[PDB]
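# missing the sequence, but the structure's below:
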Ligand SMILES: [Ca+2]
């Protein structure tokens, strides 16, 4: 009884590399090869790997034995019958990599010293790592700072093309992004794809969206000439950019996005944030988290609930440190509204204010305030009030801000009592 110990090495073959855990391998037995005979030994020497395995799947010429992941640098398939085996690295490892090709392993083998049989065989397939893509958010329109509800966000996903084993090809190359639920569908005229800062043969690039529950997945897949020559673009970036509408305030204030890179072109619509053991494992991007806030106005009229015949109107603005309006400061628009009227209960809710974004910059997570450089705070200006009441003469400062630690909705309640 024999064993095959698979050690998954990260690095480039030549023609002591680090062993990697969580690399997934399936062991198959090669049918009808008896290496103790000349019939079988010579059949083994004629074998074309494409006969045993082709198009990402085994043929009927092999029988599956088991599948497992490396741990402590090894996936050991123990208690094996003497046979010719085929070791297949799979796409469902703990981390996404450019996987090893299928390869044959006889068990037992002769000890390299010649001194007897080697029952416990070791093999050392090489794979190449995928770098974590860098996802950022950009405000695509500067008319209003940020991307509060009612405006569009833009995302940029930069993926490095790894150097792969000489004379091998990428199996495929997919970048997928399951947009957060608060976003609408991406504008198809604003999805762009560049490789090495160059546009790609659009015939080779398949841009698709599909719904998975209440979220849109955007998928960019390289195929054809472009995929075939992608091994010549080592260390270049594939950059996907897109815009989408911010349609609602995240309930927890967090508008969070990640993308994923998969070195494969799945035939089924792939959800990169799918779960189980068989799931094709993508390499996740850096996270982007945009922070939102909400202002609630609680209006009273000489201490009373306003009721049916009293209402006030406010606009949201930015103010300088002295409480004065920023020069030429426009009213802030939220979900297409630019003023806010108090209800009979005195409430007015200003929701979906995008405050800023936490994203990777030079490999460090950094928060940027979307309103940086437009004053120092938000403020409310009362533009109308009830019959016989006096308007508030100055903006009402409202402290509403986020930072790198923000992980719930930022709120401020503003109690305002109107006076005769
Ligand atoms: Ca904007």
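Right, received. Where do you want to start? Residues are numbered from 1 along each chain as shown.

# What parts of the chain come near the ion?
With C-beta under 5 Å from the ion as the criterion, the chain meets the ion at residues 139, 141, 144, 151. C-beta here means a position set from N, CA and C on the backbone, and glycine is covered the same way.

# With neighbour count and distance to residue 15 as new columns, can those residues be given to me in JSON lines?
Conversion of those to JSON lines gives the following (neighbours: other C-beta atoms under 10 Å; distance: C-beta to C-beta, whole Å):
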{"residue": "139", "neighbour count": "17", "distance to residue 15": "49"}
{"residue": "141", "neighbour count": "12", "distance to residue 15": "52"}
{"residue": "144", "neighbour count": "19", "distance to residue 15": "58"}
{"residue": "151", "neighbour count": "22", "distance to residue 15": "54"}
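
# Which member of the residues you listed is positioned nearest residue 359?
Of all these, the one with the least separation from residue 359 (C-beta to C-beta) is residue 139, at 12.4 Å.

# ok, now how distant is that closest one from residue 371?
Here residue 139 is placed at a distance of 11 Å from residue 371 (C-beta to C-beta, to the nearest Å).

# Give me the common contacts of these two.
Residues touching both residue 139 and residue 371 (C-beta atoms under 8 Å, 6 or more residues apart in numbering) are 145, 146.

# Let's check: the centremost residue of the chain is which one?
Computing the C-alpha centroid of the chain and ranking residues by C-alpha atoms, centre = their mean puts residue 259 first, at 2.0 Å.

# Tell me if I'm right that that one and residue 240 touch.
Yes: with contact defined as C-beta atoms under 8 Å, residue 259 and residue 240 form a contacting pair (7.2 Å).

# Find residues that contact each of these two.
When contacts are counted by C-beta under 8 Å, 6+ apart, residue 259 and residue 240 are jointly contacted by 157, 159, 175, 177.

# Can you classify residue 416 by secondary structure?
What DSSP: H, G, I helix; E, B strand; the rest coil gives for residue 416 is strand.

# which residues does it contact?
Going by C-beta under 8 Å, 6+ apart, residue 416 touches 297, 298, 299, 300, 312, 380, 382, 392, 396.

# next one: residue 83
Neighbour list for residue 83: 29, 30, 33, 35, 107 [criterion: C-beta under 8 Å, 6+ apart].

# redo that, cut-off 10 Å
Neighbouring residues of residue 83 by C-beta atoms under 10 Å, 6 or more residues apart in numbering: 2, 28-31, 33-35, 40, 63, 65, 105-108.

# Equivalent analysis for residue 251, please.
Applying C-beta under 10 Å, 6+ apart, one finds that residue 251 lies in contact with 181, 182, 292, 408, 409.

# what's the longest helix in the chain?
helix 38-46 (DSSP state H).

# next one: the helix or strand just after that helix to chain centre, how far?
Under the assignment DSSP states H and E, the closest C-terminal helix or strand after helix 38-46 is helix 49-52. Centroid separation between helix 49-52 and its chain, computed with C-alpha atoms, centre = their mean, to the nearest Å, is 35 Å.

# Moving C-terminal from helix 49-52, which element do we reach first?
Next element after helix 49-52 (DSSP H and E): strand 53-54.

# partner strands of that following strand, parallel or antiparallel?
strand 57-58 (antiparallel) (DSSP bridges).

# what separates residue 338 from residue 347, distance-wise?
To residue 347, residue 338 is 18 Å away according to C-beta to C-beta.

# Next up, the contacts around residue 283.
95-97, 129-133, 159, 162, 175, 259-263, 272.

# Which ones among these map onto helices?
Among those, no residue falls in helices (DSSP H).

# List buried residues within those residues.
95-97, 130, 132-133, 159, 162, 175, 259-263, 272 (16 or more other C-beta atoms under 10 Å).

# Which of those residues fall within strands?
Applying DSSP state E to the buried ones among the contacts of residue 283, the entries found in strands are 97, 159, 175, 259, 260, 261, 262.

# Now flag whichever of these is closest to the ion.
The closest of these to the ion turns out to be residue 259 (C-beta to the ion; 21.5 Å).

# Can you lay out the ones in strands among the buried ones among the contacts of residue 283 as CSV showing distance to residue 124?
As requested, those are exported to CSV (distance: C-beta to C-beta, whole Å):
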residue, distance to residue 124
97, 15
159, 28
175, 30
259, 32
260, 28
261, 25
262, 25
